[PDB]
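Peer 1: 3D, please:
(one chain, ligands or ions: 1)
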Amino acid sequence: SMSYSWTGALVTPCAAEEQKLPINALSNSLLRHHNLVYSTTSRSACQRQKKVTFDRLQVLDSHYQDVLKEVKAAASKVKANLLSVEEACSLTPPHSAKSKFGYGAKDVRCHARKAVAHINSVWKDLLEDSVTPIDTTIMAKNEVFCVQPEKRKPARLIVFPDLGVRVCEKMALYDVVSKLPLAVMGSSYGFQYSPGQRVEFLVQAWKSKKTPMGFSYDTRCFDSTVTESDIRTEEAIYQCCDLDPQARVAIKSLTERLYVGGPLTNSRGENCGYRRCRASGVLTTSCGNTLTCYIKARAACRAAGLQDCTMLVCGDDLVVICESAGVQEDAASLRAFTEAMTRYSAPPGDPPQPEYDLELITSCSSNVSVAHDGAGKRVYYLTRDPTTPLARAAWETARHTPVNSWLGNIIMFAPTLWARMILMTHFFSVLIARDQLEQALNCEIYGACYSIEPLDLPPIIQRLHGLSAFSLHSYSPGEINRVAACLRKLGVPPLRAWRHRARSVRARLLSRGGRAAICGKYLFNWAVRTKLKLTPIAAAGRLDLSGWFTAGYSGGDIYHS
Ligand SMILES: CC[C@H](C)NC(=O)c1ccc(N2CCN(S(=O)(=O)c3ccc(OC(F)(F)F)cc3)[C@@H](C(=O)NCc3ccc(OC(F)(F)F)cc3)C2)nn1
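Peer 2: Residues are numbered from 1 along each chain as shown. Dropping the coordinates below:
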């Protein structure tokens, strides 16, 4: 079947959509080549529709069936519970699309009586009707990028049911999605790791091979490749768990009425078309993609005969490290891997390339690199080209945004030369200028929402990355050059100018005392010649990373209202 069928009605916006990077003095102090930075808008939705629309080829074989049997057997060990409406309400991210039934995410999060009553009615309907397709909205995601040489990117399309349905999805499945991937995949489950744990996993996997070869596999539009039978298989896996009787009914109803497909409506109420693939804005998008990618990849590894595979899966992101059989055989065996993935309906975007240097693999838009700590010891850490983080940071300085990618980037990429020298220096200077150091900000890391005060960054970073994150030095020539090239391209001041600026920022934070002084001492010790002794921060041991800062969860994109 075709992944989508369209009517000719357009994907329409809700509010005006800015295309060009707005300019203000503070955003310009970070990045001056503003004409290179753009936001995707509904204007390019038609271009995206053409790429995501295609027929699917699915031929399952014994290797696929063997893996599915293992997965169903593993799933049978899981006990998952129904979430109360109240817990499902509290997990709703702030600013997700309001309901068309007279309430928004803020009402849901507050457990407002009107929101709760409507959610209960949607729940009763899922228990009573297992077949009527549930309506979905299609929107063009507005995301910021830097223009490229060999290419602008069209907007991603987000497909989501109404807010009341979204809360019901958490009631029926949040506990299932929270437990099932680890039970099924064990150490291959990517979302259980911090950046430090992911790098440790990759390095250990690489070192475990006699002659390692690794590759990332880029599926062409993964959500569109997911078939009705894949979605019905995910439903069968969920049902292997020990579940509550109403959860079993609601899971079947959500699968048949929503997950397998359904009508697409634009913001103006017009019929846009029909979907027969993964909806990007449902609770099961991340879990379902992780499970389905894992099953297909593990089967394709076996179909290709790849030796001693170690896989790491985060949604549609796949990285495989195996035993090399020589360059010509590896090239042939990767083509066989691709051919099997193609038969399972996971065809390639860019064909995979065998890599013999761990640093040359990009996965979860990042690569392994090396630096040294305060004692000169080698430290592996995750980094990435800083172009998109910098372009987004400049937009977020010029415009108030609901979610701050800069904050998520400082958190995830705290040990990096670019996040420390540029992002921390810039944002702490902006927060000082605007008197906003104490205000909590939202960020989203692969759908996990967090509410964080900038003044809590040092204990959060210590707990997440370790004390070495404040002492890394001797970054690689390749890493230094990639950051330097990015700065010249975007019109960002050179690292030595940021170093000069950080000395003033660090001094201002120190003068404020308390948490602010800890920000100056720890985050900016790289900027001074005479170093301060960085001892473990007491607040780092007191906090809980996973639990104190959560502000909800989304399984996939969803429009910010
Ligand atoms: C529900 C079922 C589905 C399948 N699950 C999900 O969809 C899902 C989605 C997100 C998510 N989390 C928790 C673990 N981490 S975490 O980093 O430990 C962390 C913990 C607390 C924290 O709190 C603070 F914000 F307060 F600090 C901040 C961060 C984040 C993460 O995405 N990790 C993987 C990863 C690691 C490195 C990568 O590479 C590079 F580093 F390059 F980005 C890329 C991905 C966010 N967990 N689950």
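
Peer 1: in the stretch 351-500 of the chain, what residue lies closest to the ligand?
Peer 2: residue 366 (3.2 Å; Cβ to the nearest ligand atom). Yep, even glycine has a C-beta here, placed from its N, CA and C like the rest.

Peer 1: quick one: name the residues of the stretch 101-250 of the chain near the ligand.
Peer 2: 177-178, 181, 190-191, 193-195, 198 (Cβ under 6 Å from any ligand atom).

Peer 1: tell me which residues of the host helix or strand of residue 122 come out buried.
Peer 2: Per DSSP states H and E: residue 122 is located in helix 113-128. For helix 113-128, burial by neighbour count (16 or more other Cβ atoms under 10 Å) applies to 115-116, 118-119, 122-123, 125-126.

Peer 1: what does stretch 171-186 give?
Peer 2: 171-177, 179-181, 183-185.

Peer 1: what do you get for stretch 293-306?
Peer 2: Quick answer for stretch 293-306 (16+ other Cβ under 10 Å): 293-304, 306.

Peer 1: ok, and of those residues, which contact the ligand?
Peer 2: Of the buried residues of stretch 293-306, not one also sits near the ligand (Cβ under 6 Å from any ligand atom).

Peer 1: which of those fall within strands?
Peer 2: Using DSSP state E to define strands, no part of the buried residues of stretch 293-306 is located there.

Peer 1: want to throw those into JSON lines with distance to residue 166?
Peer 2: Shown next, in JSON lines, are the buried residues of stretch 293-306 (distance: Cβ to Cβ, whole Å):
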{"residue": "293", "distance to residue 166": "23"}
{"residue": "294", "distance to residue 166": "25"}
{"residue": "295", "distance to residue 166": "26"}
{"residue": "296", "distance to residue 166": "27"}
{"residue": "297", "distance to residue 166": "29"}
{"residue": "298", "distance to residue 166": "31"}
{"residue": "299", "distance to residue 166": "32"}
{"residue": "300", "distance to residue 166": "33"}
{"residue": "301", "distance to residue 166": "35"}
{"residue": "302", "distance to residue 166": "37"}
{"residue": "303", "distance to residue 166": "37"}
{"residue": "304", "distance to residue 166": "39"}
{"residue": "306", "distance to residue 166": "39"}
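
Peer 1: gap between residue 446 and residue 556?
Peer 2: To residue 556, residue 446 is 10 Å away according to Cβ to Cβ, to the nearest Å.

Peer 1: the two: who's more crowded?
Peer 2: residue 556 (22 against 15; other Cβ atoms under 10 Å).

Peer 1: that one in helix, strand or coil?
Peer 2: Following DSSP: H, G, I helix; E, B strand; the rest coil, the label given to residue 556 is coil.

Peer 1: chain neighbours aside, what residue packs nearest to it?
Peer 2: Among residues not flanking residue 556 along the chain, residue 285 sits closest, at 3.0 Å (Cβ to Cβ, 6 or more residues apart in numbering).

Peer 1: from the buried residues of stretch 293-306, pick the one nearest residue 409.
Peer 2: residue 293 (24.7 Å; Cβ to Cβ).

Peer 1: pretty sure the closest one contacts residue 219?
Peer 2: Yes - Residue 293 lies in contact with residue 219 (Cβ atoms under 8 Å); the separation is 7.4 Å.

Peer 1: where's residue 9 relative to the ligand, distance?
Peer 2: 31 Å (Cβ to the nearest ligand atom, to the nearest Å).

Peer 1: that residue against residue 267, yeah?
Peer 2: No - between residue 9 and residue 267 there is no contact under Cβ under 8 Å: 10.7 Å.

Peer 1: the more surrounded of those two?
Peer 2: residue 267 (19 against 16).

Peer 1: the more buried one: what's it in contact with?
Peer 2: Residues near residue 267 by Cβ atoms under 8 Å, 6 or more residues apart in numbering: 12-14, 137, 139.

Peer 1: try residue 336
Peer 2: 303-305.

Peer 1: make a markdown table from those and add distance to residue 55 to it.
Peer 2: Converted to a markdown table, the contacts of residue 336 look like this (distance: Cβ to Cβ, whole Å):
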| residue | distance to residue 55 |
| --- | --- |
| 303 | 22 |
| 304 | 24 |
| 305 | 29 |
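
Peer 1: go through those residues and say which is closest to residue 248.
Peer 2: The nearest one, if we look at the contacts of residue 336 relative to residue 248 and count by Cβ to Cβ, is residue 303, at 33.3 Å.

Peer 1: next, the buried residues of stretch 432-449.
Peer 2: 432, 437, 441-444, 447-449.

Peer 1: what's the burial count for the nearest residue to residue 209 once chain neighbours are set aside?
Peer 2: Of all residues not flanking residue 209 in the chain, residue 323 sits nearest, at 5.2 Å (Cβ to Cβ, 6+ apart). Counted with other Cβ under 10 Å, the neighbours of residue 323 add up to 16.

Peer 1: so residue 323 touches residue 214, yeah?
Peer 2: No - here residue 323 does not reach residue 214: they are 10.7 Å apart, not a contact under Cβ under 8 Å.

Peer 1: among the buried residues of helix 113-128, which two are most distant?
Peer 2: Checking those with Cβ to Cβ, the most distant pair is 115 and 126, at 16.7 Å.

Peer 1: tell me which other helices or strands the helix holding residue 122 touches.
Peer 2: helix 85-90, helix 105-109, helix 163-185, helix 245-254 (3 or more Cβ pairs under 8 Å, 6 or more residues apart in numbering; DSSP states H and E).

Peer 1: for the first one, which helices and strands make contact with it?
Peer 2: In this structure, helix 85-90 makes packing contacts with helix 105-109, helix 113-128, helix 163-185, judged by 3+ Cβ pairs under 8 Å, 6+ apart.

Peer 1: quick one, the longest one and helix 113-128 angle?
Peer 2: I take that to be helix 163-185. Going by axes from the mean of the first three to the mean of the last three Cα atoms, to 10 degrees, helix 163-185 is angled at 60 degrees with respect to helix 113-128.

Peer 1: off-centre distance for the next helix or strand after helix 163-185?
Peer 2: Where DSSP H and E defines the elements, the next helix or strand beyond helix 163-185 is helix 195-207. Remark: helix 195-207 is offset 19 Å from the chain centroid, using Cα atoms, centre = their mean, to the nearest Å.

Peer 1: now residue 55: how far from the ligand?
Peer 2: The gap separating residue 55 from the ligand is 28 Å, by Cβ to the nearest ligand atom.

Peer 1: who touches that residue in this structure?
Peer 2: 1-3.

Peer 1: just residue 112 next, same as before
Peer 2: residue 103.

Peer 1: got it, and residue 31?
Peer 2: 21, 37, 390-391, 393-394, 490-492.

Peer 1: please apply the same query to residue 283.
Peer 2: So residue 283 contacts 166, 169-170, 173-174, 177, 554-556 (Cβ under 8 Å, 6+ apart).

Peer 1: and which of these is nearest the ligand?
Peer 2: For the contacts of residue 283, the nearest to the ligand is residue 177 (4.3 Å; Cβ to the nearest ligand atom).

Peer 1: that closest one against residue 290, yeah?
Peer 2: No - counting by Cβ under 8 Å, residue 177 sits too far from residue 290 to count as a contact (9.1 Å).
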